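Undergrad: Protein sequence lines correspond, in order, to chains A and A'. A prime marks a further copy of an entry chain. Using the authors' numbering, the letters of the first sequence correspond one by one to residues 156 to 230, 237 to 266, 280 to 516, 552 to 605. Using the authors' numbering, the letters of the second sequence correspond one by one to residues 156 to 230, 237 to 266, 280 to 516, 552 to 605. Where a beta carbon is used, it is the ideal one built from N, C-alpha and C, also for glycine. Supplied in structure tokens, the structure appears directly below.
There are 2 protein chains.
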Amino acid sequence: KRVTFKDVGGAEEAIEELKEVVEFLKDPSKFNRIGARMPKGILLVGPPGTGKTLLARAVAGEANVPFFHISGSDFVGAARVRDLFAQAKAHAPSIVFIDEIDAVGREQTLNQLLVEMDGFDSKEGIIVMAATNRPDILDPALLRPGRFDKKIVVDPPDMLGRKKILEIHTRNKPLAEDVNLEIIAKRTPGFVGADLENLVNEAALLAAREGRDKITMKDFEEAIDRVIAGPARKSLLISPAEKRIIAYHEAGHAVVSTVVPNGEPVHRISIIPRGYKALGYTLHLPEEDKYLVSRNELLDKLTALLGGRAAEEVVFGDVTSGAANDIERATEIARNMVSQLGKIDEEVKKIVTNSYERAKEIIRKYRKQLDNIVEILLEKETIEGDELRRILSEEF
Amino acid sequence: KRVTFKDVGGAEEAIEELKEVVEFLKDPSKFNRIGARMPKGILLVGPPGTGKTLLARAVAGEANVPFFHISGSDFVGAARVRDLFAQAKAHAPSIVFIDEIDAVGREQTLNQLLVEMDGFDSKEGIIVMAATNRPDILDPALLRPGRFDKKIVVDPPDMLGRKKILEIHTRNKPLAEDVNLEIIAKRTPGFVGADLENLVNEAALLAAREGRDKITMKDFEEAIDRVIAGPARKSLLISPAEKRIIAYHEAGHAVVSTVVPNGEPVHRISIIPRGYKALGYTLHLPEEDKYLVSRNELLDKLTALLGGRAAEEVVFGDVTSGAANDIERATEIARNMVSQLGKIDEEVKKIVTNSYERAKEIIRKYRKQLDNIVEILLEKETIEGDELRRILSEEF
Ligand SMILES: Nc1ncnc2c1ncn2[C@@H]1O[C@H](COP(=O)(O)OP(=O)(O)OP(=O)(O)O)[C@@H](O)[C@H]1O
Ligand SMILES: Nc1ncnc2c1ncn2[C@@H]1O[C@H](COP(=O)(O)OP(=O)(O)OP(=O)(O)O)[C@@H](O)[C@H]1O
Ligand SMILES: [Mg+2]
Ligand SMILES: [Mg+2]
Ligand SMILES: [Zn+2]
Ligand SMILES: [Zn+2]
């Protein structure tokens, strides 16, 4: 089946980057006449079920061009790669898609792919795309310049994104007048596009088992309970008890960074992760992103990175998986500070311990402001620039 | 012979799930007009003699449709599979049944089955069913989406279920006025539907050997002794001595989980296993079922899982087969906690040992409450929601 950008919801930022590829594929001549050089390969990274293959298919749908694809789980391998690239050259504008590239990047198959990437002319209108959910185990040879040197991140949907996906999959189904798609969206935090599609099918089965010809609000609410438990369960959602712990963790980062003189501005607070760092990806990039290395700005960065872990210990006396990654990142930052700013393992241990104590004292103070932010975050699920600026000014 | 749902006892939950299949088979048009998608295959799992084939036959009995079946123990194989599916297509609504699928899922026969599953149209009213008692040795290719993606569990009967099965097989037999079917049910813990059917035949043989024309209560009691011992024995039952050990094991889980702050609520206690986890099945599912991973809730889960093993050691100084599986599951949970929460084998060993000591101290205390629950469990064999809530409130 053919799909376009109208079948995708909650991927505005990813779709923005992919518009240039469609323009290049529709008319390569406009890029060549001014010496604009397009990348040879593009990589999509994200959690399973977020719609990476759907975006690749929609890109080919928007620009009416052929679509040659292969899957890395099916891996004779060297000969299959040769056939795919030969077919794409016979048709001037085309797309080559490689799904699950982590399962193949056995040594002979990878070598053939490297030879093919260097052997085709980009000015003919040929692009190569790939997708994976384990970007940190890829062979470093694939990420060198001239081969797969562009990355795009696909994120889980938020409240507004979930409601848009539900409308897409119910546009050809009869619904009653008591169905409220916004209430259903508010009750499925943590779901992805694949879980929402399966939920709609379960609600239709409950109505057909009784011979009715319309889906009611009661069918949707009973479907949620059936997909999260039992011998055949498909989805996981965030319970009210787990939501309080997550709200305190996120609010701890914002409070500490707003107090330290060298802290960075805060633009958004949410219950759902958005950034690639928030998803646990390093992307083969250095941790340091500043031209100058100074002691004062490095200590403030360490203290703000431990704010989420300090809030859990002071309010609950617990520790989660997210707080364990924060302490691991801080330990490697303190290791580079000793060698650049002037027995070694004992010095690194002292730097981390001092910063942790500093963050805890800041949490004990201002404890009234931390509680106020959590209450608002538990009823809206997200606060962003303009509304967040006013809130942060009333407090502090 | 034709059978319906009136010939099945003690399978209410399984029968509830199968009602939708009958409705689909009776009129597929009502499902297609609202875009409801039915599964292609259904799998039945349970211990031998629990009535998996009887349910498959009753499903075809309830909805007057053909019934094409084959057995996996009889396995030319590829040609036999082709014939079965071709026959089912010539008749619009039909059922395809594959018994003992574990004996066939040699490589050519399995490949043909995969091709057939993808080649038929579900909207015509065709469903495929299978059964097995070794679900953990099936080929992973059979459980992928679009082929055998729904599972139903069949459980051994309880006291009330055993009495219903006895009435079904004595409805065409002359009985005396001193026969009490409820007393017979109380004296056969551990029997399945196949054992109860054979018991009724033995009682009739004892009456015919004396020329009588009615079965008495004495015939039933002598039949029990004949089927559990001798050169030709058929059944196994739980003796009074083995019942005390099992009662203490089950009560240990409930006492520990009621004390830990993060423990889960207890809804039912019984001598007969009910869940798929209690039957020793993993079903190819991940052990973790929570969105958030925290240290406090993981330690409480480990302690409550070792409560049954702690009660056996403190009261009897023994260990059973069930307690050996609990320690194996706990070891794999502690292995994922080290990698996610921050020489490795030595750390895993310490986590399990600390939790075991915690459970034993809880058992030593509250030992008076543990004894009280065992006495009630030895005279009713099962306690459930409303009656259990009151009992747990009087204690503790
Ligand atoms: N944003 C979305 N809008 C609408 N449907 C979506 C969206 N994201 C996912 N889906 C649904 O998810 C289904 C499966 O998604 P897709 O095949 O793209 O998975 P994926 O992200 O590649 O997963 P994996 O990592 O497991 O391969 C698609 O059929 C589509 O119906
Ligand atoms: N719930 C029940 N009610 C009545 N009879 C039952 C029940 N369960 C089993 N039986 C009796 O058990 C006999 C054998 O059961 P069945 O053929 O369904 O075995 P099964 O569960 O498929 O066993 P296996 O795993 O050994 O193949 C049936 O003839 C039926 O008389
Ligand atoms: Mg995919
Ligand atoms: Mg059988
Ligand atoms: Zn954090
Ligand atoms: Zn146990």
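So is residue 450 of chain A' in contact with chain A if we call contact Cβ pairs under 7 Å?
TA: Yes, residue 450 of chain A' lies at the interface with chain A (some Cβ there is under 7 Å from its Cβ).
Undergrad: Please confirm whether residue 434 of chain A and residue 494 of chain A have their CB atoms less than 7 Å apart.
TA: No, the Cβ-Cβ distance between residue 434 of chain A and residue 494 of chain A is not below 7 Å.
Undergrad: Sorted by chain position, which residues of the same chain lie with C-beta nearer than 6 Å to residue 483 of chain A''s C-beta, five sequence neighbours on each side aside?
TA: These residues qualify, in order along the chain: 497 and 500.
Undergrad: Among A'/304, A'/209, A'/163 and A'/192, whose alpha-carbon lies nearest the alpha-carbon of residue 298 of chain A'?
TA: Considering only alpha carbons, the answer is A'/192.
Undergrad: Would you say residue 412 of chain A faces chain A', with C-beta separation under 7 Å as the test?
TA: So yes, residue 412 of chain A belongs to the interface.
Undergrad: Hey, does residue 283 of chain A have any beta-carbon neighbour from chain A' nearer than 7 Å?
TA: No, residue 283 of chain A does not count as interfacial toward chain A'.
Undergrad: Listing by chain order, which chain A' residues have their CB less than 9 Å from the CB of residue 419 of chain A?
TA: In chain order: 466 and 468.
Undergrad: Flag residue 344 of chain A as yes when its Cβ comes closer than 6 Å to any non-hydrogen atom of ligand 4, and as no otherwise.
TA: It does not: the Cβ of residue 344 of chain A is nowhere closer than 6 Å to a heavy atom of ligand 4.
Undergrad: Report the option in A'/387, A'/406, A'/418 and A'/377 whose CA atom is closest to the CA atom of residue 394 of chain A'.
TA: The shortest C-alpha separation from residue 394 of chain A' is found at A'/377.
Undergrad: Kindly provide the chain-ordered list of residues whose Cβ lies closer than 7 Å to any non-hydrogen atom of ligand 5.
TA: Qualifying residues, in the order they occur: A/423, A/427, A/482, A/483, A/496, A/497 and A/500.
Undergrad: Contact check, residue 583 of chain A vs residue 422 of chain A under 8 Å by CB: the rounded distance?
TA: 6 Å between Cβ atoms; contact.
Undergrad: Compile a chain-ordered list of the residues in the region 328 to 359 of chain A whose CB is closer than 7 Å to at least one CB of chain A'.
TA: Result list: 346, 347 and 348.
Undergrad: Strictly by DSSP, which residues pair up with residue 353 of chain A?
TA: Partner(s): none; residue 353 of chain A has no beta bridge.
Undergrad: Taking the Cβ atom as the reference point for each residue, do residue 450 of chain A' and residue 309 of chain A' lie within a distance shorter than 7 Å?
TA: Contact: no.
Undergrad: Buried or exposed: where does residue 404 of chain A' fall if 16 or more other Cβ atoms within 10 Å of its Cβ makes it buried?
TA: Its Cβ having fewer than 16 others within 10 Å, residue 404 of chain A' is exposed.
Undergrad: Exposed or buried, what is residue 512 of chain A' when buried is set at 16 or more other beta-carbons lying within 10 Å of its beta-carbon?
TA: It is exposed - the Cβ of residue 512 of chain A' has fewer than 16 other Cβ atoms within 10 Å.
Undergrad: Residue 205 of chain A': beta carbon under 6 Å from a heavy atom of ligand 4?
TA: No - ligand 4 has no heavy atom lying nearer than 6 Å to the Cβ of residue 205 of chain A'.
Undergrad: Less than 7 Å between the beta carbons of residue 138 of chain A and residue 178 of chain A', yes or no?
TA: Because chain A spans 156 through 605 in this model, residue 138 of chain A falls outside it and cannot be assessed.
Undergrad: Nearest chain A C-beta to residue 516 of chain A' closer than 7 Å, yes or no?
TA: With 7 Å as the cut-off, residue 516 of chain A' counts as an interface residue toward chain A.
Undergrad: On the three-pair Cβ rule with 8 Å, is the region 259 to 266 of chain A touching the region 174 to 188 of chain A?
TA: The region 259 to 266 of chain A is not in contact with the region 174 to 188 of chain A.
Undergrad: DSSP has residue 218 of chain A' in a bridge; who is on the other side?
TA: Answer is none; residue 218 of chain A' lacks a bridge partner.
Undergrad: Can you pull the chain A residues whose beta carbon is under 8 Å from the beta carbon of residue 191 of chain A', in chain order?
TA: Those are 375, 378, 379, 381 and 382, listed as they occur along chain A.
Undergrad: Can you find a heavy atom of ligand 1 that lies under 6 Å from the Cβ of residue 208 of chain A?
TA: Result yes, Cβ under 6 Å from ligand 1.
Undergrad: Taking residue 256 of chain A' as part of the beta strand (DSSP E), name the residues at either end of that continuous run.
TA: Per DSSP, residue 256 of chain A' belongs to the beta strand (DSSP E) from 255 to 260.
Undergrad: Would residue 388 of chain A and residue 350 of chain A qualify as a contact pair, given that the criterion is a beta-carbon distance under 7 Å?
TA: In this structure, residue 350 of chain A lies closer than 7 Å to residue 388 of chain A by Cβ.
Undergrad: Between residue 186 of chain A' and chain A, is any beta-carbon pair separated by less than 7 Å?
TA: Closer than 7 Å: yes.
Undergrad: What would DSSP say about residue 160 of chain A, mapped onto helix, strand or coil?
TA: Correct three-state label for residue 160 of chain A: helix.
Undergrad: DSSP puts residue 226 of chain A' in a beta bridge; with which residues?
TA: According to DSSP, which records beta bridges pairwise, residue 226 of chain A' is partnered with A'/260.
Undergrad: So with Cβ pairs under 7 Å, would you call residue 492 of chain A a contact of chain A'?
TA: Yes, residue 492 of chain A lies at the interface with chain A' (some Cβ there is under 7 Å from its Cβ).
Undergrad: In chain A, what lies closer than 7 Å to residue 457 of chain A' by C-beta?
TA: Near residue 457 of chain A' (Cβ distances below 7 Å), the residues of chain A are 405.
Undergrad: Who pairs with residue 196 of chain A in a beta bridge, going by DSSP?
TA: Its beta-bridge partners are A/302.
Undergrad: Let me know the secondary structure DSSP gives residue 464 of chain A once reduced to three states.
TA: Coil.
Undergrad: What are the boundary residues of the alpha helix (DSSP H) that residue 181 of chain A' is part of?
TA: Counting along the chain, the alpha helix (DSSP H) containing residue 181 of chain A' begins and ends at 167 to 181.
Undergrad: Chain A' partners of residue 444 of chain A, CB-CB under 9 Å?
TA: What residue 444 of chain A touches in chain A': nothing, since even the nearest Cβ is about 16 Å away.
Undergrad: Do residue 198 of chain A and residue 304 of chain A come within 7 Å of each other at the CB atom, strictly closer than that value?
TA: In contact: residue 304 of chain A and residue 198 of chain A (Cβ atoms closer than 7 Å).
Undergrad: Closer than 9 Å by beta-carbon distance: list the chain A' residues that pair up with residue 387 of chain A, in chain order.
TA: Those within 9 Å of residue 387 of chain A in chain A' are 185, 188 and 189.
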